[PDB]
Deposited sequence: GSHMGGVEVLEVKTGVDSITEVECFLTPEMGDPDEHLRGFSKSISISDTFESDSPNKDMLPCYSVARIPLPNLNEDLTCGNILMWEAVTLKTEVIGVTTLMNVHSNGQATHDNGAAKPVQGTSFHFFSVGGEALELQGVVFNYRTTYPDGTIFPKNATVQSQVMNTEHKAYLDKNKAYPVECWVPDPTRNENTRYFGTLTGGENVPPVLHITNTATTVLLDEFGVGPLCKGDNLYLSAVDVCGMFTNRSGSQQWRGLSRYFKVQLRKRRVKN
């Protein structure tokens, strides 16, 4: 039972943080990148290394200790460091003779969510015979049905650097206490289009004027910002990701 909002000086707070991307980090110099992508020799033998798999990011933010619950009302969010994609002068492959290096481009996924509990995930796999690596949490006992929808694959985004992007999505049958937004833009040559502004606000209230209600006084933020692939001189490609800023305004809400 959701009752009234509490007012007065004491009754609002705000959360401000950033989530780093988790692209795989194949060595000590390559934070924000994946390992270069290799292609299996057969469909059955698909078997990606952990460092080659971008994962969902998540942070659990503790809120001032409070029945009253913190209610998330608005979000401002922004991808951090968009201009880094203008470095086309290192380690790259020329577009044509004497040209600059091919920039980061191709498949992107940009995703973020704000909830009063962990994001709920449904497992779907491109190829059910893919062997996901040790160190990742992935759909277990995958069958051919898992290539389209196997309802056995439920999980919570409850751990950072763990849930690979390619085999999990937000579960649309759950997540009543979360708001989520994502865009997959495919193709090998698609250009990144990245907007920044400190003037845009998303309102998190549902159809009844109620935002996510924070259980245990924790706010859950989740994100993926795979911007595309970087291409080395050899032609090998590595995913590149960026950090995401969150600012969330919250108010106290009485419940029963």
| item | value |
| --- | --- |
| Deposited sequence positions missing from the model - stretches, numbered from 1, in order | 1-7, 74-81, 272 |
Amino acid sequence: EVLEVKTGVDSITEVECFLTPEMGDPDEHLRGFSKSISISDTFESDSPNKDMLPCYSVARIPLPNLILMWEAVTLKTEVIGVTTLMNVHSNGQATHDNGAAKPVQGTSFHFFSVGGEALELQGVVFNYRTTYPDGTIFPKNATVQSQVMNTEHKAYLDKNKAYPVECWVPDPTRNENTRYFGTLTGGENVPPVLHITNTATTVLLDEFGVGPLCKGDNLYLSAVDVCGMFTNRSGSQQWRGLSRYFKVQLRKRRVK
From here on, numbers count along this sequence of modelled residues.
query: Comparing 54-62 with 184-192, the one whose average Cα B-factor in the PDB entry is higher; finding: 184-192
query: Segment of higher mean CA temperature factor, 136-144 or 79-87; finding: 136-144
query: Selection by C-alpha B-factor (highest) of 216, 211, 228, 32; finding: 216
query: Third of the chain, ranked by Cα B-factor, where residue 110 sits; finding: lowest
query: Residue 158 - Cα temperature factor, lowest/middle/highest third of chain; finding: middle
query: Third of the chain, ranked by Cα B-factor, where residue 93 sits; finding: highest
query: Residue 172 - which third its CA temperature factor falls in, relative to the rest of the chain; finding: middle
query: Third of chain Cα B-factors occupied by residue 166; finding: lowest
